[PDB]
Amino acid sequence: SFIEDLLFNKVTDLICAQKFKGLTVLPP
Amino acid sequence: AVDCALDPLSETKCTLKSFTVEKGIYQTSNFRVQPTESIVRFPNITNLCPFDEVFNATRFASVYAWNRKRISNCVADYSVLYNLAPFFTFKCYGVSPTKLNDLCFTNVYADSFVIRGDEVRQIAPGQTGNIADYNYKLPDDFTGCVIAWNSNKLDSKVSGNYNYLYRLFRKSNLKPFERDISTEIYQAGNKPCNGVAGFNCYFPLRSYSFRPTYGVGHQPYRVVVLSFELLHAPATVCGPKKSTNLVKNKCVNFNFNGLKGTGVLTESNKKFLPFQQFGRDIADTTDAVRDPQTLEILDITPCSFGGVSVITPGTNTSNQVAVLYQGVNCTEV
Amino acid sequence: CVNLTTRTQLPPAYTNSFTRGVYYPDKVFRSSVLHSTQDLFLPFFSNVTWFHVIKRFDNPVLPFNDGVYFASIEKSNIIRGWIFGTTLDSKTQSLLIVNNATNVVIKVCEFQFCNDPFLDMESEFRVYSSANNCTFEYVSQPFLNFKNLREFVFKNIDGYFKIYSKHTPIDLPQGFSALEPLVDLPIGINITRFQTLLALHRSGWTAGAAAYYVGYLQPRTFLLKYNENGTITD
Amino acid sequence: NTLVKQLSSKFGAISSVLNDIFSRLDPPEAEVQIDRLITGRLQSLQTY
Amino acid sequence: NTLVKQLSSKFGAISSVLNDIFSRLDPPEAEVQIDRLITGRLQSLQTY
């Protein structure tokens, strides 16, 4: 919806550096 | 019994510490890629540098005027520093006196002098006494070696030797690696001594007067101290290691000028400029290196790794499993 | 050498430095990173001593407390070299740097100068009367209103003499200019005082005006920004 | 980010990396430095 | 109260007071004693 799109847009190399140390993020 | 490396179900059982596994998804372990080759890169310097005349010298200096020599741009060999004498003392702080043949140093410093027999223990980090605070002082973060050996047969003479002197009286303790050659008279009293001897006016030098007759704990000893500086630099001096051709785009283990690691080496696009040797990253780890035989920059990237999970129903129902590799596009497993 | 009593007493000018005297403190590459360092730097917005030379002769003797930031605004290369030492005689070692016609020479040993040393288009090079045996010598490629700004930083620590340099084409101006390391020397001397060197030629005749600024370094903590390349931008 | 940045600490050891510690000291002596580093890193991860 | 009281325990060193440790014996073991005290106090702060 319109409001959902606005809310989604409102909220937003380091990842590779963290991954090379052994810390990962899992998907929902 | 269960073999923990036969099939994924056995690995899951070995991780869970049970002979029955129920329905679910379990995280077993991680997968890596092992190295295949090995390379070593060292500078092409082949000449040697002065170690014979430092030890095989005629006359060493006094304690208060200890001799200092700088050693650089050579190839160091420490095998010859074994047969100095039948018995000698060799103590290294910060390094072990067996592994210093495959280490690369920036600059070497050699300090040589001659010490009373029982004061050898006073050439050490953070020790007080007579010569450690008035003649020769060492820092508390020392990284080097100390060598001491007997010199009765060479230094002591029957006719009398008085060419070796030390200092006994001084205002304040010396800064580390600081020398004094002053001869101005001591001023214990309140009146000037007008440059003449007298009470409270003592000449701040003393003699040894070594004779072949004193006890085993009083003969002169010859002492040499080696100081290193293990930091980031062009690495002017280091020892006898054979080089090998370098490989690229393959997970191998490498030894670049003393830096050991494992990974993949790739051509680099970083904008290095003349004085920059290597580089770092956000986490303060080495990322780029410079080969000390071609002056080109290479990037280091650890080879592929990831996580493995096992999806199985209960062992009561079936022994079939499925394998999930996390975060990898399996066209490039 | 001759003695003259025509000098006019006048204190040197005092000016301020805004954001000058930033140099690379380590030999390591960093890209797009904020880093913190603790080293001998030049405090921001700090007063520095300004001498102007055109007649009037201004080559005083200045201390060497911890380090020197030497800046020169100039045209036609009047400022030539540098003398460093403790007593400035034959009783102690002295370091000497001179820019030749197409080379630079650096040497550390005893020397002898007059009470007001100077340099006499160059045909005669007579700055020192005597020179005994010298320990370290070095020869290298030349280091090169007013149209030239040259910045140099001289340090002496850990038994090493460090020279950092930078040049720029253009009362110092604003802006930011990092200084790349130039030379390291294994000298190991006492060093307490120094004195500059300018070139004068007999010649209606017009004398090029030059100005140079002296500032002193202190231990401070800085926060530096490295951009996408290895360039310090703030 | 702070968990990543903790990796540069020394925890009283002679260096913040392991390979140089293992390439400079004999096995009898490297154990103390390795133990210090391991204990520090374990404590950091547990706190996280 | 317990945080304050934790300041007077040796944690395996010669004494709680550190100037006595520095004056009595040489830096090589004083470093170990200091490290012990620092680790103990940091652990107490973390628990608090």
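Residue numbering for chain B follows Swiss-Prot, covering 288-620 in order.
If you're wondering, the header gives electron microscopy, 2.9 Å.
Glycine too: its Cβ is placed from the backbone N, Cα and C atoms.
Marked as disulfide bond by Swiss-Prot on the basis of experimental evidence: B:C291-B:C301 (among others). Sequence-distant contacts of B:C291 (disulfide bond), defined as residues of its own chain at least six apart whose C-beta falls under 8 angstroms from its C-beta, comprise B:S297, B:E298, B:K300, B:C301.
Of all Cβ atoms in the protein chains displayed, 16 besides its own lie within 10 Å of the Cβ of B:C336 (disulfide bond). Feature annotation from Swiss-Prot assigns disulfide bond to B:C336-B:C361 (among others).
Within 10 Å of the C-beta atom of B:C379 (disulfide bond) sit 18 other C-beta atoms, taking all shown protein chains into account. What Swiss-Prot lists as disulfide bond is B:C379-B:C432 (among others), and the listing cites experimental evidence.
As annotated by Swiss-Prot, disulfide bond applies to B:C391-B:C525 (among others), with the evidence given as experimental evidence. Long-range Cβ neighbours of B:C391 (disulfide bond) (same chain, at least 6 residues apart, Cβ-Cβ under 8 Å): B:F329, B:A522, B:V524, B:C525, B:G526, B:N544, B:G545. Secondary structure from DSSP puts B:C391 (disulfide bond) in a beta strand.
Here Swiss-Prot flags B:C480-B:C488 (among others) as disulfide bond. Under DSSP, B:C480 (disulfide bond) is assigned to coil, being neither helix nor strand in the three-state scheme. For B:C480 (disulfide bond), the same-chain residues 6+ apart in sequence whose C-beta sits under 8 angstroms from its C-beta are B:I472, B:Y473, B:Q474, B:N487, B:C488.
Among the features that Swiss-Prot reports, disulfide bond is placed at B:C538-B:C590 (among others), with the record citing experimental evidence. Long-range C-beta contacts of B:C538 (disulfide bond), restricted to its own chain and to partners at least six residues apart, with a cutoff below 8 Å, comprise B:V320, B:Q321, B:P322, B:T323, B:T549, B:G550, B:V551, B:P589, B:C590, B:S591.
According to Swiss-Prot, the O-linked glycosylation site annotation covers B:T323 (among others), on the basis of experimental evidence.
In sequence order, B:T531, B:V539, B:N540, B:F541 are the residues of the chain that are 6 or more apart from B:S325 (O-linked glycosylation site) and have a CB within less than 8 Å of its CB. According to DSSP, B:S325 (O-linked glycosylation site) sits within a strand segment. If you look up Swiss-Prot, you'll see B:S325 (among others) marked as O-linked glycosylation site.
According to Swiss-Prot, the feature N-linked glycosylation site maps to B:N331 (among others). When other Cβ atoms within 10 Å of the Cβ of B:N331 (N-linked glycosylation site) are tallied across all protein chains shown, the result is 7.
In the three-state DSSP assignment, the secondary structure recorded for B:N343 (N-linked glycosylation site) is coil. B:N343 (N-linked glycosylation site): 8 other CB atoms within 10 A of its CB, across all protein chains. Taken from Swiss-Prot, the feature N-linked glycosylation site applies to B:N343 (among others).
On its own chain, B:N603 (N-linked glycosylation site) has B:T307 as residues at least 6 apart in sequence with a Cβ closer than 8 Å to its own Cβ. Under DSSP, B:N603 (N-linked glycosylation site) is assigned to coil, being neither helix nor strand in the three-state scheme. Taken from Swiss-Prot, the feature N-linked glycosylation site covers B:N603 (among others), and the record attributes it to experimental evidence.
Per Swiss-Prot, N-linked glycosylation site is recorded for B:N616 (among others). When other Cβ atoms within 10 Å of the Cβ of B:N616 (N-linked glycosylation site) are tallied across all protein chains shown, the result is 7.
Taken from Swiss-Prot, the feature region 'Disordered' covers B:319-335 (among others), and the record attributes it to a curator's inference. Residues 360-362, 364, 391, 522, 525, 528-534, 537-544, 549, 578-580, 590-592 of the same chain lie 6+ residues outside the region 'Disordered' (B:319-335) yet bring a C-beta within less than 8 angstroms of a C-beta in it.
The DSSP breakdown of the region 'Immunodominant HLA epitope recognized by the CD8+' (B:448-456), given as helix, strand and coil counts, is 0 helix, 3 strand, 6 coil. Annotation comment: Swiss-Prot describes B:448-456 as region 'Immunodominant HLA epitope recognized by the CD8+'.
What Swiss-Prot lists as region 'Disordered' is B:519-541 (among others), and the listing cites a curator's inference. Among residues of the same chain six or more beyond the region 'Disordered' (B:519-541), those with a C-beta under 8 A of the stretch's C-beta atoms are 320-331, 336, 358-365, 387-395, 547-554, 564-565, 578-580, 585, 589-591.
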Whole-number answer please: how many Å between the C-alpha atoms of B:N616 (N-linked glycosylation site) and B:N331 (N-linked glycosylation site)? 43
For B:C361 (disulfide bond), the nonlocal same-chain Cβ neighbours (under 8 Å, six or more residues apart) come out as B:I332, B:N334, B:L335, B:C336, B:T523, B:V524
What Cα-Cα separation, expressed in whole Å, is found between B:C432 (disulfide bond) and B:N343 (N-linked glycosylation site)? 18
Could you check what DSSP calls B:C488 (disulfide bond) once collapsed to helix, strand or coil? strand
Fewest other Cβ within 10 angstroms of its own Cβ, chosen from the disulfide-bonded residues B:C432, B:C488: B:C488
